[PDB]
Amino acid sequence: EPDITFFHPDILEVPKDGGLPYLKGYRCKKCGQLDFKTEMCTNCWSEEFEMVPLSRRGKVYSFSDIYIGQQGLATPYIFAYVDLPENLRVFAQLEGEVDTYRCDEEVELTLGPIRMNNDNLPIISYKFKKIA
């Protein structure tokens, strides 16, 4: 069967109206815990959630310029911990050049290729980039 070209409908929403894409969070209806998509709440084990759209802007908590990376991935590439105001940390690749990012730098959501799939086609996912 053909491999995925988009990661992932459960974590990333691309509005039907053509509006700006956003990361999706889920709030447990029983305990009120906010987390990324799960079958059951890690805190109370409830299976009832409400989708909460997350901020498109975050801060680079930390990052690393990768010269020897994952097998098959073109190098150099950058990845980071991006902290969102909703008190949720997202791991994501950063768009741009090596030796240009800093800790606590403001970033914005963007869509781009994260890796080649099993059919050697790019998988489109969320990334973060410097704000213009």
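Residues carry their position along the shown sequence, with the first being 1.
Remark: stretch with higher mean C-alpha B factor among 70-78 and 85-93 is 70-78. With 117-125 and 13-21 compared on mean CA B-factor from the PDB entry, the stretch scoring higher is 13-21.
Residue-level temperature factors show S64 in the lowest third of its chain, judged at the C-alpha atom.
The PDB entry assigns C28 a C-alpha temperature factor belonging to the middle third of its chain's modelled residues.
Ranked by C-alpha B-factor against the other modelled residues of its chain, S55 falls in the middle third. Among all modelled residues in its chain, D35 ranks in the lowest third by Cα B-factor. In this PDB entry, the Cα temperature factor of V98 sits in the top third of its chain's modelled residues, the highest group.
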